[PDB]
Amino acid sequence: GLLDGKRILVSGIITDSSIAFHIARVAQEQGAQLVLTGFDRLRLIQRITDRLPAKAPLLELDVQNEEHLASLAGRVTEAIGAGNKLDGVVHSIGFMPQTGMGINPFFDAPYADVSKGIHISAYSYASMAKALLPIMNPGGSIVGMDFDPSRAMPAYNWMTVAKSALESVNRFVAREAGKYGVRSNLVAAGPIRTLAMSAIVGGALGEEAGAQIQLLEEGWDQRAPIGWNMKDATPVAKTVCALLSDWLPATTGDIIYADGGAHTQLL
């Protein structure tokens, strides 16, 4: 297995369509021993993760809760055993209030809403690294999930801004992680039909935002030289596992694009 013997923490599972669910599945298929973290609905998350190939301890983590973060390392060590450390950390956490996405005009999002989204989607990447680097082995790897924000797009709005901040945060986390012999990188995925994404395309945030997202998705498969299947998160999961392995040992502070090549093509 690509990850045989590695101990890896995976955040961000909420449904069976979560990108993190497929990261966890593939990592377990490749021999990794997982610790999972979940937010708010731990009963639901436990029922979801019961469908993974192997059992994994589930710990509560609200990345806005300073007490959850202060205790996280101790709770992880309790789960994997004293004297054992983590080899991998997966950040698959994102949120932006609906005022900062959708048909609500970009100018109408209040800063309280934007700040909450930047807290959860960008600052928390630094928060998790701060908490977990002291229990990470040399040669370890931290990976977060990104959506290419280098150009503006309709509807994504403030979530795009949060991803631009996350990319900048990743470059500073790499500086800190390097002192531990640990890499830090993001995977910029193409669009994936999660429950939330399908709801938006169905009009949950207004009709025009739904129409814009659908047009965005269609251009992606058209641009990608190898195509793009928004219903299949497995290529994204494999790319995360690649970064968690020892096979990209000189890459850090960086972004790997698991997007079909779409960002390399204009039309």
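In this text, the rigid core denotes the largest set of C-alpha atoms whose superposition between the two forms falls within 1.5 Å. Residue numbers here begin at 1 and follow the sequence given.
Superposing each structure in 7 other deposited structures of this protein on the rigid core shows that the farther-lying of 235-243 and 216-224, by root-mean-square Cα distance, is 216-224. When the mean C-alpha temperature factors of 104-112 and 186-194 are read from the deposited coordinates, 104-112 comes out higher. Averaged over their C-alpha atoms, the temperature factors of 198-206 and 212-220 are higher for 198-206. The top Cα temperature factor in the record, among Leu133, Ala174, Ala162, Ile80, falls on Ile80. Among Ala242, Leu59, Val236, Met230, the highest C-alpha B-factor in the deposited entry belongs to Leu59. When the modelled residues of the chain are ordered by C-alpha B-factor, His91 sits in the lowest third. For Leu72, the recorded CA B-factor ranks within the highest third of the chain. Only modelled residues enter the ranking.
Split the chain's modelled residues into thirds by C-alpha temperature factor. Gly178 is in the middle one.
Split the chain's modelled residues into thirds by C-alpha temperature factor. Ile8 is in the middle one.
Ranked by C-alpha B-factor against the other modelled residues of its chain, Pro97 falls in the highest third.
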